[PDB]
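**Q** let me see the structure of the following:
(chains A, B, C, D, E, F, G, H, I and J, ligands or ions: 30)
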Amino acid sequence: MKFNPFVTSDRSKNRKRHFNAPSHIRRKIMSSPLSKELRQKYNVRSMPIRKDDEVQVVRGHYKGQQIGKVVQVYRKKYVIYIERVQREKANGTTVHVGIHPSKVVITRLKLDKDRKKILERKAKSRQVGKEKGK
Amino acid sequence: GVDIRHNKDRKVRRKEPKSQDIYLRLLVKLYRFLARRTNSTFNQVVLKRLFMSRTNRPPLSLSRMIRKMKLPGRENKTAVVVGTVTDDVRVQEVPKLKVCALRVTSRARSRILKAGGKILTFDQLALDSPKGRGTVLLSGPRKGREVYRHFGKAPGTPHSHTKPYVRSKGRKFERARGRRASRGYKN
Amino acid sequence: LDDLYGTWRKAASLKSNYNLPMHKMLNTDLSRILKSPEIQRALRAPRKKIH
Amino acid sequence: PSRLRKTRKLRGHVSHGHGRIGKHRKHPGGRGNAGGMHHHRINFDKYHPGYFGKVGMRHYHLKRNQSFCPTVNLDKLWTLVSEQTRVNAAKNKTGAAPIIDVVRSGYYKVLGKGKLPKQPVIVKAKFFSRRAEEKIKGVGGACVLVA
Amino acid sequence: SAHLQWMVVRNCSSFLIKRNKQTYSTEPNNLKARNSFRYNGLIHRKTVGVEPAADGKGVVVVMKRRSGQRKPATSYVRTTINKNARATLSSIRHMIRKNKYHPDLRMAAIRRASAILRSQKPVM
Amino acid sequence: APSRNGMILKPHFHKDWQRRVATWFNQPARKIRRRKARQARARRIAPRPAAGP
Amino acid sequence: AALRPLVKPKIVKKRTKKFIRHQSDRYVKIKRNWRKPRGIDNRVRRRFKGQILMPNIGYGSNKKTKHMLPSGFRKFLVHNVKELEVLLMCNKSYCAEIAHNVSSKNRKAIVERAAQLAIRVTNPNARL
Amino acid sequence: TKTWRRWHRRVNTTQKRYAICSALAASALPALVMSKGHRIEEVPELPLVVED
RNA sequence: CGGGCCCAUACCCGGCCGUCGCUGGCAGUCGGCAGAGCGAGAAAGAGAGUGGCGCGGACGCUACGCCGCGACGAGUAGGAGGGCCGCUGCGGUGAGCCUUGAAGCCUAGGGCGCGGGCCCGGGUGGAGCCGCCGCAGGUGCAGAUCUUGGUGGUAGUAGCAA
RNA sequence: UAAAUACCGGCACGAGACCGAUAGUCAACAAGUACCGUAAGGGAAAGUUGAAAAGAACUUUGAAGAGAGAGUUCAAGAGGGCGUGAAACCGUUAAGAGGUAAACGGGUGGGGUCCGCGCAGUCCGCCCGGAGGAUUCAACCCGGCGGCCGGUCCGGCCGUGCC
Ligand SMILES: [Mg+2]
Ligand SMILES: [Mg+2]
Ligand SMILES: [Mg+2]
Ligand SMILES: [Mg+2]
Ligand SMILES: [Mg+2]
Ligand SMILES: [Mg+2]
Ligand SMILES: [Mg+2]
Ligand SMILES: [Mg+2]
Ligand SMILES: [Mg+2]
Ligand SMILES: [Mg+2]
Ligand SMILES: [Mg+2]
Ligand SMILES: [Mg+2]
Ligand SMILES: [Mg+2]
Ligand SMILES: [Mg+2]
Ligand SMILES: [Mg+2]
Ligand SMILES: [Mg+2]
Ligand SMILES: [Mg+2]
Ligand SMILES: [Mg+2]
Ligand SMILES: [Mg+2]
Ligand SMILES: [Mg+2]
Ligand SMILES: [Mg+2]
Ligand SMILES: [Mg+2]
Ligand SMILES: [Mg+2]
Ligand SMILES: [Mg+2]
Ligand SMILES: [Mg+2]
Ligand SMILES: [Mg+2]
Ligand SMILES: [Mg+2]
Ligand SMILES: [Mg+2]
Ligand SMILES: [Mg+2]
Ligand SMILES: [Mg+2]
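**A** Numbers count the residues shown, from 1 in each chain, chains lettered A, B, ... in the order given. Ligands and ions are numbered 1, 2, ... in the order given. Pasting the structure now:
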């Protein structure tokens, strides 16, 4: 149950906020879970998706075990494009099929200084939380 | 082709209590059986009164109860009220009484018990005397309610001592024209 | 809870003036009341002959 | 509960319970209680005699607090003290009589309406009536005045 | 008491089905599965219940004891009976009549037992 | 129009009374606010009697 | 071999046609759902000769045969298996009726249990 | 519709306490609890009391 | 003036429905620990005492239930009662229903109720819905030269002639 | 000269037994907008493809709108005012009928479309007889559980009981 008297349970308000969130909030919404091995080796459960990460598709018509590289993150439509998840149009052109990041599992992150800083921050937060809990 | 009138064919009496009190309904079941299976009219009167509305079973006071039980001849009998027995404050001596009633107020119960009597419920009464033998059946003043001072011959009519409906009692409220001989007429 | 709502003899102590409500009929075992000797003695014989 | 009202049983009937001949008009007799002298005159005479006119004197600035005076009767008189007092008084043999303060209880005048138990008392009241004083004396006791 | 409990639950229980101008009660120990004071399986001091065994063969006869009214866990004693039809009926009839255990409903109990045994008998 | 025995009344509803109707829906909020201000003042005046002089 | 009820009396119905609302044949806005005519000049209300009849209480059916289906049973709507043990002991007088909302996989189970319990089902092969 | 419809109601304290007492009394009967629908069949004793 | 004959919702006999009355009957289902009854012109005991083998017995009683006797049945304005008649929302309850298909819609299909209406079958449809106990209401249309929207006959007509 | 007091404007908020696109603000949408009046002012209608445009490549008749094929989709029976798609009204197919306008109530008859998945007709207990097969009955022994008791068994608890 929610006890904070300054956040809503209003369905309409939550939908409006989600569909009108600015880009830097779209980034936070567009988060995907790391694989089992990455999760074990980083102590971090999820990471906002980036443009050049290897991922897998877990649900839908394109689910499988193949490793695909993200092509572009289309924040306006809340979908991401992978390098070989695509269908065939009528004329013969191949266009990409959008997939929600919540149905995708990250396989190998694109590391830079800021990404590493995010990972270490999340790891430290989970460590302090576990110390408090136990 | 029958020459009859159907105005008064349907009687209006109460066939069952209007209340939904489960305890009262259990009492009604018991006394229905008693009055059907015995030839004593005490049970018939008792369930007739159990059916009635609160206004038709007014409370009975200790003063009336003591007077009617101290009437000569009816010594150490059981007084039966299908209403409420209520404490009376301007009485000093309470005799050893034997009471059966639907409910007794707390202070009246204390007075009766401290005097040294006994208070019963109607199921205990049915077990003690199924036919109501050795009982005194009483009831409170049915016309004690204040609404009865407004009924009858209308006011403003000769020889009618009927209370009028006035928002307040005072000098300026309904005392001049029909009530004075100086202000026109007096009925 | 007993102190809160009082007993039949002892009134509630955490209420300024409260005591438990009373029972209009004590023995609610109607069948036991009906098939008791004192009552069963004072009845007329049943008529269960359908005419 | 609108499901128990008379409007639900009048659905379908044309006039909604107000008759076809004389319709439900808006104010066919006048607003409020007007006409009390002309066309409601006999209603006013038959149920409100004395409603018109003036009578008595006028008081410009009345004070109910000034006129305040509660009354008690000898029937209720002994209920103003603990019955322990009455038991002790009827039990003792010296003859000392208990003191009653109707002013302390919240009464000012003592009226004598009914029987008084045969037991000496002293009543401390602000006002008395002749019969109340007579009954107190007949019991055997005093009436004192207080301010 | 039983009559008071019935006056509470006669129209406001959770086992009550009221449709198609018929009324039914679905409490466990109710023979004939009808909303009735006599056949109610919860409000009485002593009831019986004939239910099919979970094994799929025979019947289970439930008796309510005398002591633990307010102790639900140890209130009903179950008797599993896996015999032939006539002797199952005889066993139930003796359990009711000889013990004088609420004899208002022995015929209903053996009717239910016969129905359950017929049901356990394979269909043609 | 009076009908039969009744008590003739004088309702003071001939003005524009619906324009001024003061509801009390904020009564619990007002009570909470009063109690909170009471606690704030009591804690502000640290050792002094909470009910003033 | 359909199941038979305990007894099958000769059901008598005082009327088989339905009471149609007055003047519903001349309009489409007027359904045949019966409404009592209340007009001051209505010949149907005044019970003129050769007009539409009105539903008197004298048309009520026999209480011994009321609600009896032509098979001789009385219907009972059931939504799942647990509501058939209800009709277990009303075997010869009352039949079962599966709701329109129940899906096929559950209708199969209800029908199988009813066949086991010898309770008649009026729509036993509905969906399949 | 107006905001000054009589939304709230008033009940006497004596009969409020009466109702509380009645509810507590009913909550100690296995028949009434099972009729309300609780799965109390394996409960040892219905006025279930546990230590502090 | 005479016989005969014809028929109304009137009268007679019979069946069924409801209302009214008898403020009628039934807790007695008291069973091997047992002994079957309270209907018959004429009050009140299947009264108690003191001396002269074989293990058996249908249904019933949601007492707000069931059963039995008689009589009665017109209806505007109007009054009252009963609705397991209907609509929307809330509190409890149905170990309720539902992508193996909810609501809604159509139906020369099968039925129930005097009726308000309701339940099944078939098709379409694609995401929610309902039973019982209570609570609440912006709660039921044929009419208002009613409001809004749409569609007819006129009618392939009048007309497209300063 | 602070506080207790008022607040349908404004900046943020939170909630609802409220309305659910003829409702709820006039305004769920490029609404004080389009439009009307010289002006003061007046003032609307208008939501929904699909999960994802995968929004129909290509062949062919036609100037073209527009069709017939092919393809996407679970579904085009979702084809850019495209969820579901009722009534009035219209076209066509099938059936029936047709000189007192049509229509209606009561009673039959005739024909249809469907249903019964009708077409050899019900069963349920007791007894007699005929064929068969069993762990198989009564009684008895052991063990466990339960119901009613001891005229007046021993021990407990409780009292809207008392001394
Ligand atoms: Mg927080
Ligand atoms: Mg009449
Ligand atoms: Mg009358
Ligand atoms: Mg009328
Ligand atoms: Mg009227
Ligand atoms: Mg009129
Ligand atoms: Mg008038
Ligand atoms: Mg008026
Ligand atoms: Mg009038
Ligand atoms: Mg006329
Ligand atoms: Mg006749
Ligand atoms: Mg007649
Ligand atoms: Mg009539
Ligand atoms: Mg959808
Ligand atoms: Mg509403
Ligand atoms: Mg209309
Ligand atoms: Mg022309
Ligand atoms: Mg021209
Ligand atoms: Mg809140
Ligand atoms: Mg619209
Ligand atoms: Mg609008
Ligand atoms: Mg719409
Ligand atoms: Mg709508
Ligand atoms: Mg649309
Ligand atoms: Mg949508
Ligand atoms: Mg589809
Ligand atoms: Mg579609
Ligand atoms: Mg469409
Ligand atoms: Mg057509
Ligand atoms: Mg043709």
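
**Q** top strand in chain B by residue count?
**A** Among the segments of chain B that qualify as a strand by DSSP state E, the longest is strand B:78-86.

**Q** interface residues of chain A facing chain C?
**A** Within reach of chain C by C-beta under 8 Å from any C-beta of the partner chain, chain A has no residues at all. No exception for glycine: its C-beta is placed from N, CA and C like everyone else's.

**Q** please identify the residue most distant from the middle of chain A.
**A** In terms of distance from the mean C-alpha position of chain A, residue A:91 ranks first, at 32.6 Å (C-alpha atoms, centre = their mean).

**Q** three-state assignment of that one?
**A** Under DSSP: H, G, I helix; E, B strand; the rest coil, residue A:91 falls in the coil class.

**Q** which stretches of chain A form helices?
**A** Secondary structure of chain A (DSSP state H): helices located at A:11-20, A:23-29, A:36-42, A:113-133.

**Q** buried ones in the second one?
**A** Across helix A:23-29, burial judged by 16 or more other C-beta atoms under 10 Å in any protein chain shown covers residue A:26.

**Q** next one: stretch G:87-99
**A** By 16+ other C-beta under 10 Å, the buried positions in stretch G:87-99 come out as G:87-92, G:94-98.

**Q** which SS state does residue B:102 fall under?
**A** Following three-state DSSP, residue B:102 is assigned to strand.

**Q** dump the residue contacts of the nearest residue to it once chain neighbours are set aside.
**A** Of all residues not flanking residue B:102 in the chain, residue C:24 sits nearest, at 5.6 Å (C-beta to C-beta, 6 or more residues apart in numbering or on different chains). Applying C-beta atoms under 8 Å, 6 or more residues apart in numbering or on different chains to residue C:24 gives the contacts B:21, B:23-24, B:27, B:102-103, B:121-122.

**Q** show me the two of those that sit farthest apart.
**A** B:21 and B:121 (13.8 Å; C-beta to C-beta).

**Q** around chain D, which positions in chain G sit nearby?
**A** Counting by C-beta under 8 Å from any C-beta, the positions of chain G adjacent to chain D are G:35-36, G:38, G:40.

**Q** of the residues you listed, which are in range of RNA strand I?
**A** Contacts with RNA strand I within those, counted by C-beta under 7 Å from any atom of the strand: G:35, G:38, G:40.

**Q** tell me which of the contacts of residue C:24 is nearest to residue G:27?
**A** Using C-beta to C-beta, these come closest to residue G:27 at residue B:21, 53.3 Å.

**Q** tell me how many other residues surround the closest one.
**A** If you count neighbours by other C-beta atoms under 10 Å in any protein chain shown, residue B:21 ends up with 12.

**Q** with adjacent residues omitted, what lies nearest to it?
**A** Excluding the flanking residues, the one nearest residue B:21 by C-beta to C-beta, 6+ apart is residue C:24, at 7.8 Å.

**Q** any idea whether that neighbour is helix, strand or coil?
**A** coil.

**Q** show me what the longest strand of chain B is packed against.
**A** helix B:41-51, strand B:60-61, helix B:62-70, strand B:98-104, helix B:122-128, strand B:135-137 (3 or more C-beta pairs under 8 Å, 6 or more residues apart in numbering or on different chains; DSSP states H and E).

**Q** can I get those in CSV with mean neighbour count?
**A** Listed next are the helices and strands packed on strand B:78-86 as CSV, based on neighbours: other C-beta atoms under 10 Å in any protein chain shown:
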stretch, mean neighbour count
helix B:41-51, 19
strand B:60-61, 22
helix B:62-70, 17
strand B:98-104, 21
helix B:122-128, 20
strand B:135-137, 16
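
**Q** show me the contacts for residue B:128.
**A** Taking C-beta under 8 Å, 6+ apart, we find residue B:128 in contact with B:78, B:120, C:38.

**Q** same check on residue B:171?
**A** D:55-56.

**Q** work out for me the element it sits within.
**A** Assessed by DSSP states H and E, residue B:171 sits outside every helix and strand.

**Q** so how far is RNA strand J from it?
**A** The spacing between residue B:171 and RNA strand J, counted by C-beta to the nearest atom of the strand, to the nearest Å, is 38 Å.

**Q** now the helix ranked longest in chain H: buried residues?
**A** Of all the segments of type helix in chain H, defined by DSSP H, the longest one is helix H:13-26. Across helix H:13-26, burial judged by 16+ other C-beta under 10 Å covers H:17, H:26.

**Q** isn't residue F:42 up against residue F:52?
**A** No. If you go by C-beta atoms under 8 Å, residue F:42 and residue F:52 don't touch, sitting 10.2 Å apart.

**Q** so the two - more neighbours on which side?
**A** Applying other C-beta under 10 Å to residue F:42 and residue F:52 shows that residue F:42 carries more neighbours, namely 13 against 7.

**Q** stretch G:90-109 and RNA strand I, are they touching?
**A** Yes. Applying C-beta under 7 Å from any atom of the strand, one finds stretch G:90-109 touching RNA strand I at G:97-106.

**Q** out of those, flag the one nearest to chain C.
**A** Nearest to chain C, judged by C-beta to the nearest C-beta, of these is residue G:97 at 36.3 Å.

**Q** mind telling me what element the closest one is part of?
**A** strand G:97-98.

**Q** what does residue D:123 give?
**A** Counting by DSSP H and E, the element that carries residue D:123 is strand D:121-125.
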